[PDB]
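Structure file data-v6.json (JSON, C-alpha atoms) follows.
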```json
[["chain", "number", "residue", "atom", "x", "y", "z"],
["A", 1, "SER", "CA", 26.46, 212.98, 220.05],
["A", 2, "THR", "CA", 26.77, 211.81, 216.47],
["A", 3, "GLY", "CA", 29.39, 211.58, 213.74],
["A", 4, "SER", "CA", 29.20, 211.36, 209.94],
["A", 5, "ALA", "CA", 32.12, 210.69, 207.59],
["A", 6, "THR", "CA", 32.42, 210.00, 203.90],
["A", 7, "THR", "CA", 34.05, 206.74, 202.87],
["A", 8, "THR", "CA", 35.77, 206.57, 199.46],
["A", 9, "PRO", "CA", 36.79, 203.58, 197.30],
["A", 10, "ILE", "CA", 40.58, 203.20, 197.06],
["A", 11, "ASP", "CA", 40.48, 202.26, 193.38],
["A", 12, "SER", "CA", 38.22, 201.76, 190.37],
["A", 13, "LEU", "CA", 37.17, 198.26, 191.55],
["A", 14, "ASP", "CA", 36.03, 199.22, 195.07],
["A", 15, "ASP", "CA", 38.73, 196.91, 196.48],
["A", 16, "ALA", "CA", 38.34, 198.70, 199.83],
["A", 17, "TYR", "CA", 37.09, 202.00, 201.24],
["A", 18, "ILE", "CA", 38.97, 204.64, 203.21],
["A", 19, "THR", "CA", 37.56, 207.08, 205.72],
["A", 20, "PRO", "CA", 39.48, 210.06, 207.14],
["A", 21, "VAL", "CA", 40.15, 209.86, 210.90],
["A", 22, "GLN", "CA", 41.65, 212.58, 213.10],
["A", 23, "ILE", "CA", 44.19, 211.32, 215.64],
["A", 24, "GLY", "CA", 45.97, 213.38, 218.28],
["A", 25, "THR", "CA", 46.49, 217.05, 219.07],
["A", 26, "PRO", "CA", 46.94, 218.86, 216.76],
["A", 27, "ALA", "CA", 44.98, 216.46, 214.56],
["A", 28, "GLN", "CA", 46.86, 214.05, 212.32],
["A", 29, "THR", "CA", 44.44, 212.86, 209.63],
["A", 30, "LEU", "CA", 44.92, 209.28, 208.44],
["A", 31, "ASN", "CA", 42.76, 207.39, 205.94],
["A", 32, "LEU", "CA", 41.65, 204.19, 207.64],
["A", 33, "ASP", "CA", 39.85, 201.09, 206.41],
["A", 34, "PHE", "CA", 36.76, 200.72, 208.61],
["A", 35, "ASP", "CA", 36.48, 196.99, 209.25],
["A", 36, "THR", "CA", 33.39, 195.46, 210.87],
["A", 37, "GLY", "CA", 35.22, 192.10, 210.84],
["A", 38, "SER", "CA", 38.01, 193.08, 213.27],
["A", 39, "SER", "CA", 38.46, 195.06, 216.47],
["A", 40, "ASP", "CA", 41.83, 196.82, 216.41],
["A", 41, "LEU", "CA", 42.45, 200.45, 215.47],
["A", 42, "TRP", "CA", 46.00, 200.34, 214.11],
["A", 43, "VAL", "CA", 48.03, 202.78, 212.10],
["A", 44, "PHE", "CA", 51.19, 203.22, 210.12],
["A", 45, "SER", "CA", 53.41, 205.30, 212.35],
["A", 46, "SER", "CA", 56.78, 206.86, 213.02],
["A", 47, "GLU", "CA", 57.62, 203.48, 214.62],
["A", 48, "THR", "CA", 56.90, 201.42, 211.51],
["A", 49, "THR", "CA", 59.99, 199.74, 210.03],
["A", 50, "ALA", "CA", 61.05, 202.23, 207.36],
["A", 51, "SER", "CA", 61.36, 199.68, 204.54],
["A", 52, "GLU", "CA", 57.73, 198.69, 205.17],
["A", 53, "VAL", "CA", 56.36, 202.20, 204.61],
["A", 54, "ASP", "CA", 55.66, 203.12, 200.97],
["A", 55, "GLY", "CA", 53.51, 206.22, 200.54],
["A", 56, "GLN", "CA", 51.23, 205.89, 203.59],
["A", 57, "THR", "CA", 50.54, 208.77, 205.93],
["A", 58, "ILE", "CA", 51.97, 208.03, 209.36],
["A", 59, "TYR", "CA", 50.89, 208.82, 212.91],
["A", 60, "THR", "CA", 53.70, 210.36, 214.98],
["A", 61, "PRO", "CA", 52.73, 210.14, 218.65],
["A", 62, "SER", "CA", 55.65, 212.33, 219.78],
["A", 63, "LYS", "CA", 53.96, 215.22, 217.91],
["A", 64, "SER", "CA", 50.64, 214.76, 219.72],
["A", 65, "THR", "CA", 50.26, 216.51, 223.06],
["A", 66, "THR", "CA", 47.48, 214.12, 224.05],
["A", 67, "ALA", "CA", 49.29, 210.87, 223.17],
["A", 68, "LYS", "CA", 50.33, 208.59, 226.04],
["A", 69, "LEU", "CA", 52.20, 205.30, 225.76],
["A", 70, "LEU", "CA", 50.05, 202.48, 227.08],
["A", 71, "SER", "CA", 52.87, 200.97, 229.05],
["A", 72, "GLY", "CA", 53.64, 197.32, 228.37],
["A", 73, "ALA", "CA", 50.87, 196.88, 225.80],
["A", 74, "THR", "CA", 51.51, 195.13, 222.50],
["A", 75, "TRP", "CA", 49.32, 193.89, 219.67],
["A", 76, "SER", "CA", 49.59, 191.45, 216.79],
["A", 77, "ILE", "CA", 46.91, 190.58, 214.26],
["A", 78, "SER", "CA", 46.50, 188.27, 211.30],
["A", 79, "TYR", "CA", 43.67, 188.74, 208.83],
["A", 80, "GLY", "CA", 41.70, 186.19, 206.84],
["A", 81, "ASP", "CA", 43.58, 187.17, 203.68],
["A", 82, "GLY", "CA", 46.93, 186.23, 205.23],
["A", 83, "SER", "CA", 48.08, 189.79, 205.92],
["A", 84, "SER", "CA", 49.30, 190.88, 209.36],
["A", 85, "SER", "CA", 50.72, 193.67, 211.49],
["A", 86, "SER", "CA", 51.98, 194.22, 215.04],
["A", 87, "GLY", "CA", 53.36, 196.85, 217.40],
["A", 88, "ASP", "CA", 52.80, 198.80, 220.60],
["A", 89, "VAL", "CA", 49.98, 201.03, 221.83],
["A", 90, "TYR", "CA", 49.22, 204.65, 222.64],
["A", 91, "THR", "CA", 46.06, 206.24, 223.91],
["A", 92, "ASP", "CA", 45.04, 209.44, 222.17],
["A", 93, "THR", "CA", 42.08, 211.50, 221.02],
["A", 94, "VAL", "CA", 40.38, 210.09, 217.93],
["A", 95, "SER", "CA", 37.62, 211.78, 215.96],
["A", 96, "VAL", "CA", 35.51, 210.46, 213.10],
["A", 97, "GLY", "CA", 33.20, 212.80, 211.25],
["A", 98, "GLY", "CA", 32.88, 215.13, 214.23],
["A", 99, "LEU", "CA", 32.50, 212.41, 216.89],
["A", 100, "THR", "CA", 35.35, 212.44, 219.41],
["A", 101, "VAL", "CA", 36.62, 209.71, 221.73],
["A", 102, "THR", "CA", 39.28, 210.57, 224.29],
["A", 103, "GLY", "CA", 41.62, 207.84, 225.52],
["A", 104, "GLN", "CA", 41.16, 205.63, 222.45],
["A", 105, "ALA", "CA", 43.72, 202.85, 222.03],
["A", 106, "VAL", "CA", 45.72, 203.67, 218.90],
["A", 107, "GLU", "CA", 47.82, 200.68, 217.96],
["A", 108, "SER", "CA", 51.08, 201.81, 216.40],
["A", 109, "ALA", "CA", 52.56, 199.40, 213.85],
["A", 110, "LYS", "CA", 56.19, 198.44, 214.21],
["A", 111, "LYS", "CA", 55.76, 195.79, 211.48],
["A", 112, "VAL", "CA", 53.27, 195.32, 208.64],
["A", 113, "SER", "CA", 53.08, 192.59, 206.00],
["A", 114, "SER", "CA", 53.84, 193.23, 202.35],
["A", 115, "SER", "CA", 50.19, 193.58, 201.32],
["A", 116, "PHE", "CA", 49.86, 196.61, 203.60],
["A", 117, "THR", "CA", 53.14, 198.17, 202.47],
["A", 118, "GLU", "CA", 52.13, 197.75, 198.83],
["A", 119, "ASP", "CA", 48.83, 199.58, 199.32],
["A", 120, "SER", "CA", 49.74, 203.23, 199.59],
["A", 121, "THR", "CA", 46.11, 204.34, 200.05],
["A", 122, "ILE", "CA", 45.39, 202.63, 203.40],
["A", 123, "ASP", "CA", 47.03, 204.19, 206.46],
["A", 124, "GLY", "CA", 45.60, 201.60, 208.88],
["A", 125, "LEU", "CA", 42.42, 199.90, 210.03],
["A", 126, "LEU", "CA", 39.62, 200.95, 212.35],
["A", 127, "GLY", "CA", 37.94, 197.86, 213.74],
["A", 128, "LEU", "CA", 34.19, 197.84, 214.31],
["A", 129, "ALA", "CA", 33.56, 194.21, 215.34],
["A", 130, "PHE", "CA", 33.10, 193.38, 219.04],
["A", 131, "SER", "CA", 35.84, 194.35, 221.47],
["A", 132, "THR", "CA", 36.24, 190.70, 222.53],
["A", 133, "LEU", "CA", 38.33, 190.28, 219.34],
["A", 134, "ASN", "CA", 40.76, 193.10, 220.17],
["A", 135, "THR", "CA", 44.34, 191.78, 220.21],
["A", 136, "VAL", "CA", 45.99, 194.13, 222.70],
["A", 137, "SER", "CA", 47.86, 192.29, 225.45],
["A", 138, "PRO", "CA", 47.94, 192.08, 228.42],
["A", 139, "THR", "CA", 44.94, 194.41, 228.72],
["A", 140, "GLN", "CA", 42.40, 194.09, 225.90],
["A", 141, "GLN", "CA", 41.20, 197.44, 224.52],
["A", 142, "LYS", "CA", 37.84, 198.73, 223.31],
["A", 143, "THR", "CA", 36.91, 199.69, 219.76],
["A", 144, "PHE", "CA", 36.14, 203.27, 218.80],
["A", 145, "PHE", "CA", 32.43, 202.39, 218.64],
["A", 146, "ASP", "CA", 32.46, 200.66, 222.02],
["A", 147, "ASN", "CA", 34.12, 203.73, 223.58],
["A", 148, "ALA", "CA", 31.70, 206.16, 221.89],
["A", 149, "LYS", "CA", 28.52, 204.15, 222.39],
["A", 150, "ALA", "CA", 27.23, 205.54, 225.68],
["A", 151, "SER", "CA", 27.63, 209.11, 224.40],
["A", 152, "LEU", "CA", 25.84, 208.52, 221.11],
["A", 153, "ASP", "CA", 22.24, 209.65, 220.62],
["A", 154, "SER", "CA", 21.49, 206.00, 219.74],
["A", 155, "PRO", "CA", 23.95, 203.09, 220.16],
["A", 156, "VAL", "CA", 24.31, 202.39, 216.43],
["A", 157, "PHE", "CA", 26.46, 202.98, 213.41],
["A", 158, "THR", "CA", 25.50, 202.61, 209.76],
["A", 159, "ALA", "CA", 27.43, 201.64, 206.63],
["A", 160, "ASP", "CA", 26.28, 203.05, 203.30],
["A", 161, "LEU", "CA", 28.96, 201.96, 200.84],
["A", 162, "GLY", "CA", 28.87, 203.20, 197.25],
["A", 163, "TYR", "CA", 29.28, 201.27, 194.04],
["A", 164, "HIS", "CA", 32.17, 202.95, 192.23],
["A", 165, "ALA", "CA", 31.35, 206.05, 194.30],
["A", 166, "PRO", "CA", 31.78, 207.47, 197.81],
["A", 167, "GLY", "CA", 29.42, 206.55, 200.63],
["A", 168, "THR", "CA", 28.94, 207.25, 204.33],
["A", 169, "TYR", "CA", 29.59, 205.92, 207.81],
["A", 170, "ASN", "CA", 27.27, 207.47, 210.41],
["A", 171, "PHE", "CA", 27.54, 207.07, 214.18],
["A", 172, "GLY", "CA", 24.67, 207.57, 216.60],
["A", 173, "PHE", "CA", 21.76, 208.07, 214.21],
["A", 174, "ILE", "CA", 19.89, 206.52, 211.30],
["A", 175, "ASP", "CA", 19.60, 208.81, 208.27],
["A", 176, "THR", "CA", 16.06, 208.07, 207.10],
["A", 177, "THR", "CA", 16.76, 209.81, 203.77],
["A", 178, "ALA", "CA", 19.55, 207.36, 202.87],
["A", 179, "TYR", "CA", 17.44, 204.29, 202.01],
["A", 180, "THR", "CA", 14.19, 203.29, 200.34],
["A", 181, "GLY", "CA", 11.35, 201.34, 201.92],
["A", 182, "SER", "CA", 11.89, 199.96, 205.41],
["A", 183, "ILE", "CA", 14.85, 198.56, 207.34],
["A", 184, "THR", "CA", 14.53, 194.85, 208.13],
["A", 185, "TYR", "CA", 16.28, 193.87, 211.34],
["A", 186, "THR", "CA", 17.68, 190.43, 211.98],
["A", 187, "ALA", "CA", 19.30, 188.64, 214.94],
["A", 188, "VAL", "CA", 23.03, 188.72, 215.64],
["A", 189, "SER", "CA", 25.26, 186.23, 217.40],
["A", 190, "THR", "CA", 28.27, 187.82, 219.07],
["A", 191, "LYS", "CA", 29.70, 184.44, 220.11],
["A", 192, "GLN", "CA", 32.61, 184.65, 217.65],
["A", 193, "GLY", "CA", 33.06, 188.42, 218.09],
["A", 194, "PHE", "CA", 31.55, 189.24, 214.69],
["A", 195, "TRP", "CA", 28.35, 190.79, 213.40],
["A", 196, "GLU", "CA", 27.15, 187.28, 212.62],
["A", 197, "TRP", "CA", 23.65, 186.72, 211.26],
["A", 198, "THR", "CA", 21.61, 184.27, 209.18],
["A", 199, "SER", "CA", 20.39, 185.11, 205.71],
["A", 200, "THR", "CA", 17.12, 183.46, 204.72],
["A", 201, "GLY", "CA", 18.20, 182.46, 201.20],
["A", 202, "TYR", "CA", 19.11, 183.60, 197.73],
["A", 203, "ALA", "CA", 18.16, 183.96, 194.10],
["A", 204, "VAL", "CA", 20.25, 184.16, 190.92],
["A", 205, "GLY", "CA", 19.11, 186.72, 188.37],
["A", 206, "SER", "CA", 15.38, 186.49, 187.74],
["A", 207, "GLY", "CA", 15.30, 182.95, 189.13],
["A", 208, "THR", "CA", 13.15, 181.66, 191.95],
["A", 209, "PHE", "CA", 14.17, 182.37, 195.54],
["A", 210, "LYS", "CA", 15.73, 179.44, 197.42],
["A", 211, "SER", "CA", 14.81, 179.46, 201.10],
["A", 212, "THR", "CA", 17.85, 178.27, 203.00],
["A", 213, "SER", "CA", 19.65, 179.49, 206.12],
["A", 214, "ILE", "CA", 23.09, 180.97, 205.43],
["A", 215, "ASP", "CA", 25.05, 181.97, 208.54],
["A", 216, "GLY", "CA", 27.69, 184.60, 207.86],
["A", 217, "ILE", "CA", 29.27, 187.87, 208.94],
["A", 218, "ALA", "CA", 28.67, 191.45, 207.84],
["A", 219, "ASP", "CA", 32.24, 192.50, 207.07],
["A", 220, "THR", "CA", 33.03, 195.89, 205.57],
["A", 221, "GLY", "CA", 36.73, 195.00, 205.54],
["A", 222, "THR", "CA", 36.32, 192.11, 203.08],
["A", 223, "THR", "CA", 35.97, 193.03, 199.40],
["A", 224, "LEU", "CA", 33.95, 190.10, 198.06],
["A", 225, "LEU", "CA", 30.92, 187.96, 198.89],
["A", 226, "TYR", "CA", 31.97, 184.49, 200.13],
["A", 227, "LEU", "CA", 29.18, 181.90, 200.26],
["A", 228, "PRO", "CA", 28.81, 178.10, 200.32],
["A", 229, "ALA", "CA", 30.13, 176.28, 197.25],
["A", 230, "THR", "CA", 26.64, 175.10, 196.31],
["A", 231, "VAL", "CA", 25.30, 178.70, 196.15],
["A", 232, "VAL", "CA", 28.36, 179.99, 194.30],
["A", 233, "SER", "CA", 28.19, 177.19, 191.71],
["A", 234, "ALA", "CA", 24.51, 177.95, 191.11],
["A", 235, "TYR", "CA", 25.40, 181.60, 190.45],
["A", 236, "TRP", "CA", 28.30, 181.03, 188.05],
["A", 237, "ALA", "CA", 26.41, 178.31, 186.15],
["A", 238, "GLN", "CA", 24.31, 181.18, 184.78],
["A", 239, "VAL", "CA", 27.36, 182.84, 183.17],
["A", 240, "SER", "CA", 28.54, 181.25, 179.92],
["A", 241, "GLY", "CA", 32.18, 180.28, 180.14],
["A", 242, "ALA", "CA", 32.59, 180.92, 183.87],
["A", 243, "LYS", "CA", 34.73, 178.42, 185.74],
["A", 244, "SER", "CA", 36.61, 177.97, 188.96],
["A", 245, "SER", "CA", 40.31, 178.38, 188.35],
["A", 246, "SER", "CA", 42.65, 176.86, 190.93],
["A", 247, "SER", "CA", 45.55, 178.78, 189.35],
["A", 248, "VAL", "CA", 43.83, 182.16, 189.64],
["A", 249, "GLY", "CA", 42.24, 181.36, 193.00],
["A", 250, "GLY", "CA", 38.51, 181.39, 192.34],
["A", 251, "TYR", "CA", 35.79, 181.83, 189.79],
["A", 252, "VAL", "CA", 36.65, 183.72, 186.64],
["A", 253, "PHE", "CA", 34.40, 184.61, 183.74],
["A", 254, "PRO", "CA", 34.71, 186.03, 180.22],
["A", 255, "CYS", "CA", 34.99, 189.79, 180.41],
["A", 256, "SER", "CA", 32.47, 189.90, 177.52],
["A", 257, "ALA", "CA", 29.72, 188.51, 179.80],
["A", 258, "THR", "CA", 26.72, 190.31, 181.17],
["A", 259, "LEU", "CA", 26.48, 189.15, 184.80],
["A", 260, "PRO", "CA", 23.16, 188.30, 186.44],
["A", 261, "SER", "CA", 22.13, 189.91, 189.72],
["A", 262, "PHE", "CA", 22.28, 188.04, 193.01],
["A", 263, "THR", "CA", 19.59, 188.40, 195.68],
["A", 264, "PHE", "CA", 20.02, 187.58, 199.36],
["A", 265, "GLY", "CA", 17.31, 187.31, 202.00],
["A", 266, "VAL", "CA", 17.05, 189.30, 205.21],
["A", 267, "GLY", "CA", 14.05, 187.84, 206.99],
["A", 268, "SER", "CA", 11.20, 188.22, 204.49],
["A", 269, "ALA", "CA", 13.01, 191.11, 202.76],
["A", 270, "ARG", "CA", 15.33, 190.87, 199.78],
["A", 271, "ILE", "CA", 18.52, 192.76, 198.86],
["A", 272, "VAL", "CA", 19.45, 192.73, 195.17],
["A", 273, "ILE", "CA", 23.10, 192.94, 194.16],
["A", 274, "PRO", "CA", 23.22, 194.15, 190.52],
["A", 275, "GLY", "CA", 25.34, 192.05, 188.18],
["A", 276, "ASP", "CA", 27.86, 194.83, 187.61],
["A", 277, "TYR", "CA", 28.75, 194.80, 191.34],
["A", 278, "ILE", "CA", 30.05, 191.25, 190.84],
["A", 279, "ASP", "CA", 32.64, 192.26, 188.19],
["A", 280, "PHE", "CA", 36.19, 192.66, 189.55],
["A", 281, "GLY", "CA", 37.78, 193.12, 186.17],
["A", 282, "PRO", "CA", 40.65, 191.49, 184.33],
["A", 283, "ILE", "CA", 42.69, 188.98, 186.33],
["A", 284, "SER", "CA", 45.82, 190.72, 185.02],
["A", 285, "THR", "CA", 46.17, 193.83, 182.89],
["A", 286, "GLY", "CA", 44.87, 193.25, 179.37],
["A", 287, "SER", "CA", 43.35, 189.84, 180.10],
["A", 288, "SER", "CA", 39.90, 188.91, 178.80],
["A", 289, "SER", "CA", 39.36, 186.71, 181.87],
["A", 290, "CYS", "CA", 37.63, 188.63, 184.64],
["A", 291, "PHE", "CA", 37.58, 187.90, 188.38],
["A", 292, "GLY", "CA", 34.25, 187.17, 190.04],
["A", 293, "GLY", "CA", 32.88, 189.02, 193.04],
["A", 294, "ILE", "CA", 31.05, 186.00, 194.46],
["A", 295, "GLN", "CA", 33.43, 183.27, 195.61],
["A", 296, "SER", "CA", 33.30, 180.10, 197.66],
["A", 297, "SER", "CA", 33.77, 180.28, 201.42],
["A", 298, "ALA", "CA", 34.83, 176.61, 201.50],
["A", 299, "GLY", "CA", 37.99, 176.45, 203.56],
["A", 300, "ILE", "CA", 37.49, 179.93, 205.07],
["A", 301, "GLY", "CA", 35.29, 178.35, 207.72],
["A", 302, "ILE", "CA", 32.72, 181.16, 207.63],
["A", 303, "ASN", "CA", 30.52, 182.86, 205.06],
["A", 304, "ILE", "CA", 31.33, 186.54, 204.57],
["A", 305, "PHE", "CA", 28.92, 189.25, 203.44],
["A", 306, "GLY", "CA", 31.68, 191.60, 202.30],
["A", 307, "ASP", "CA", 31.51, 194.84, 200.35],
["A", 308, "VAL", "CA", 29.91, 193.26, 197.25],
["A", 309, "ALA", "CA", 26.84, 192.48, 199.35],
["A", 310, "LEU", "CA", 26.90, 195.38, 201.81],
["A", 311, "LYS", "CA", 27.21, 198.11, 199.16],
["A", 312, "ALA", "CA", 23.82, 197.01, 197.74],
["A", 313, "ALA", "CA", 22.23, 198.00, 201.07],
["A", 314, "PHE", "CA", 21.96, 200.57, 203.80],
["A", 315, "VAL", "CA", 23.23, 198.59, 206.81],
["A", 316, "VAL", "CA", 22.53, 199.29, 210.47],
["A", 317, "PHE", "CA", 24.93, 197.91, 213.06],
["A", 318, "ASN", "CA", 22.77, 198.13, 216.18],
["A", 319, "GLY", "CA", 24.90, 197.96, 219.31],
["A", 320, "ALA", "CA", 22.06, 197.91, 221.82],
["A", 321, "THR", "CA", 22.31, 195.53, 224.79],
["A", 322, "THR", "CA", 21.20, 192.77, 222.43],
["A", 323, "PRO", "CA", 22.83, 193.69, 219.11],
["A", 324, "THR", "CA", 21.00, 193.33, 215.80],
["A", 325, "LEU", "CA", 21.66, 194.10, 212.13],
["A", 326, "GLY", "CA", 19.36, 196.04, 209.83],
["A", 327, "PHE", "CA", 19.28, 196.05, 206.04],
["A", 328, "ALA", "CA", 17.38, 198.34, 203.66],
["A", 329, "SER", "CA", 17.44, 198.74, 199.91],
["A", 330, "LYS", "CA", 18.64, 202.11, 198.62]]
```
What's the structure tokens form of this structure?
Amino acid sequence: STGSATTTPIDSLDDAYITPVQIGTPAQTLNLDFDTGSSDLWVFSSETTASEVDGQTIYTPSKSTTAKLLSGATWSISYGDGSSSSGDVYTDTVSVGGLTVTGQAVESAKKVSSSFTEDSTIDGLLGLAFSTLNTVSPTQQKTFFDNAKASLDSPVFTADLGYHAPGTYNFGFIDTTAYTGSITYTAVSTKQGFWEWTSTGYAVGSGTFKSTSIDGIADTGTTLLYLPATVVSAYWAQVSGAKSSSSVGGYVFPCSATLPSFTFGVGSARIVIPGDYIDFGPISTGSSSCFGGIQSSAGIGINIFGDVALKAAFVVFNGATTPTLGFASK
């Protein structure tokens, strides 16, 4: 089997992407944030504290003839950005782009943090990291991909995120029309539960390539590119007037600037992030200070190849017995 679904930016900055997901019988379609940095499929629901729901579409398990309470199971998650959610668990039928999993754990939120409430466009998350990170207790549950994998034509999914435009998540096949040149594959460590890999270096603009190993994670659920402070300083030094602002919470730059590109290495291959992908716009409405899309990972504890990086590539998440990651230009 295969599946193919369009993923759509939630706003004009590509702050996140939402993908429609069918849950239950009859289908209830929710727009979920596909997150290769976590491993829980959780939704706003009829159980979510009413004051914490503000415009989201909810899953109502009592209206699904295939929903079953997973007795005694609870979940609770905290994300790198400080947001969180928790609740109980149902199993139900879940379909993405024509690919159906029966008996998928659907984690129903009883509580969500303010950041989730305040974002009316995201009805929940669909985790695509390794199932070892799943938070369900006392019986850990599998991700949608893990459940689907054996049925897929090939045990892979691909992320093809758009810049200021829709893109595609495919399951079970590689669309050879969706990228240019070849796909370069690179080793993955699953030791921390992430799609963790090592970039071979970077360049700023038309500058020379610096060969240096940068361990980090491919994370569709993180907006920005978080890299070591040395790399980030080298980038922003090429933008007149850019500075790190403790008050704003990262590098800012004059909105009048033209940003240089940023290149990262995948083996001997190179992925170029155009300068415009690194612009996250005014820090507040009407400001002439703009927020940068490349930020320091210092104090996160891990480097994160988030959407800024991934949307410059066609990315293969290869879930074979020994997982790997592939990147192609597009």
Exercise. Show which residues sit within 10 Å of residue 119 (chain A), as a PyMOL selection string. Count all atoms listed in the file, and ignore same-chain residues fewer than 4 positions away.
Key: chain A and resi 10+53-56+114-115+123
Quiz item: Do you know which residues are at most 9 Å from region 29-39 of chain A counting all atoms listed in the file, after dropping those on the same chain fewer than 3 positions away, and could you put them as JSON, numbers by chain?
Solution: {"A": [7, 16, 17, 18, 19, 20, 21, 22, 23, 24, 42, 43, 44, 56, 57, 58, 59, 79, 121, 122, 123, 124, 125, 126, 127, 128, 129, 130, 131, 132, 133, 134, 135, 141, 142, 143, 144, 169, 193, 194, 195, 217, 218, 219, 220, 221, 222]}
Self-check item: Pairwise distance for CA of residue 272 (chain A) and CA of residue 231 (chain A), rounded to one decimal in Å
Solution: 15.2 Å
Exercise. Excluding region 252-268 of chain A and any residue of its chain fewer than 2 positions from it, enumerate the residues within 7 Å of it, using all atoms listed in the file, and give them as a PyMOL selection string.
Key: chain A and resi 184+186+199-205+239+241-245+250+270-276+288-292
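Interatomic distance, CA of residue 41 (chain A) to CA of residue 12 (chain A): 25.5 Å.
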Exercise. Check the smallest atom-to-atom distance from each of A:320, A:5, A:224, A:156 to residue 305 (chain A) using all atoms listed in the file, then report the winner.
Key: A:224
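Note that CA of residue 310 (chain A) and CA of residue 191 (chain A) are 21.5 Å apart.
Taking all atoms listed in the file into account, residue 47 (chain A) lies nearest to A:62 out of the set A:151, A:62, A:198, A:318.
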Quiz item: Hey, can you pull every residue with an atom no more than 12 Å from (51.3, 214.4, 222.1), using only C-alpha atoms, and send it as a PyMOL selection string?
Solution: chain A and resi 23-28+59-69+90-93
When you look at residue 297 (chain A) with a cut-off of 10 Å (counting only C-alpha atoms), what residues show up, excluding the ones that are within fewer than 4 positions of it in the same chain? I need them as a PDB file with C-alpha atoms, in the frame of the given file.
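Final file, out-v5.pdb:
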```pdb
ATOM      1  CA  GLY A 216      27.690 184.600 207.860  1.00  0.00           C
ATOM      2  CA  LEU A 225      30.920 187.960 198.890  1.00  0.00           C
ATOM      3  CA  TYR A 226      31.970 184.490 200.130  1.00  0.00           C
ATOM      4  CA  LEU A 227      29.180 181.900 200.260  1.00  0.00           C
ATOM      5  CA  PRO A 228      28.810 178.100 200.320  1.00  0.00           C
ATOM      6  CA  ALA A 229      30.130 176.280 197.250  1.00  0.00           C
ATOM      7  CA  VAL A 232      28.360 179.990 194.300  1.00  0.00           C
ATOM      8  CA  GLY A 301      35.290 178.350 207.720  1.00  0.00           C
ATOM      9  CA  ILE A 302      32.720 181.160 207.630  1.00  0.00           C
ATOM     10  CA  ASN A 303      30.520 182.860 205.060  1.00  0.00           C
ATOM     11  CA  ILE A 304      31.330 186.540 204.570  1.00  0.00           C
TER      12      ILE A 304
END
```
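In terms of minimum interatomic distance to residue 71 (chain A), A:137 ranks closest within A:8, A:48, A:137, A:120, counting only C-alpha atoms.
Considering all atoms listed in the file, the residue among A:298, A:77, A:237, A:214 positioned nearest to residue 136 (chain A) is A:77.
Proximity to residue 178 (chain A) was assessed for A:209, A:314, A:235, A:163 counting only C-alpha atoms; the smallest distance is recorded for A:314.
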Quiz prompt | Shell of 8 Å around residue 145 (chain A), only C-alpha atoms, local chain residues under 3 positions omitted, as JSON, numbers by chain | solution = {"A": [128, 148, 149, 157]}
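Between residue 315 (chain A) and the residues A:159, A:234, A:188, A:165, the shortest atom-to-atom distance, using only C-alpha atoms, involves A:159.
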Can you sort out region 86-94 of chain A so it carries N, CA, C and O atoms, written as an mmCIF file, keeping the file's coordinate frame?
```
data_model
loop_
_atom_site.group_PDB
_atom_site.id
_atom_site.type_symbol
_atom_site.label_atom_id
_atom_site.label_comp_id
_atom_site.auth_asym_id
_atom_site.auth_seq_id
_atom_site.Cartn_x
_atom_site.Cartn_y
_atom_site.Cartn_z
ATOM 1 N N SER A 86 51.765 194.287 213.600
ATOM 2 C CA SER A 86 51.980 194.220 215.040
ATOM 3 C C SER A 86 52.716 195.464 215.534
ATOM 4 O O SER A 86 53.334 196.175 214.749
ATOM 5 N N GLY A 87 52.659 195.714 216.838
ATOM 6 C CA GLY A 87 53.360 196.850 217.400
ATOM 7 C C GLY A 87 53.046 197.109 218.849
ATOM 8 O O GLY A 87 52.760 196.184 219.611
ATOM 9 N N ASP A 88 53.105 198.382 219.230
ATOM 10 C CA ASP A 88 52.800 198.800 220.600
ATOM 11 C C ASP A 88 51.602 199.752 220.568
ATOM 12 O O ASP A 88 50.944 199.885 219.527
ATOM 13 N N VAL A 89 51.285 200.385 221.694
ATOM 14 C CA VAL A 89 49.980 201.030 221.830
ATOM 15 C C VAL A 89 50.101 202.362 222.540
ATOM 16 O O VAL A 89 50.795 202.479 223.547
ATOM 17 N N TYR A 90 49.392 203.351 222.007
ATOM 18 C CA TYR A 90 49.220 204.650 222.640
ATOM 19 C C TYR A 90 47.739 204.837 222.912
ATOM 20 O O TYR A 90 46.895 204.199 222.275
ATOM 21 N N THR A 91 47.412 205.692 223.873
ATOM 22 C CA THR A 91 46.060 206.240 223.910
ATOM 23 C C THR A 91 46.126 207.677 223.415
ATOM 24 O O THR A 91 47.113 208.386 223.625
ATOM 25 N N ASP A 92 45.076 208.098 222.714
ATOM 26 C CA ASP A 92 45.040 209.440 222.170
ATOM 27 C C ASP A 92 43.599 209.778 221.823
ATOM 28 O O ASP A 92 42.705 208.926 221.874
ATOM 29 N N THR A 93 43.384 211.029 221.451
ATOM 30 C CA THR A 93 42.080 211.500 221.020
ATOM 31 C C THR A 93 41.855 211.144 219.563
ATOM 32 O O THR A 93 42.702 211.424 218.713
ATOM 33 N N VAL A 94 40.712 210.531 219.279
ATOM 34 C CA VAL A 94 40.380 210.090 217.930
ATOM 35 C C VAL A 94 39.002 210.626 217.585
ATOM 36 O O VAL A 94 38.048 210.453 218.342
#
```
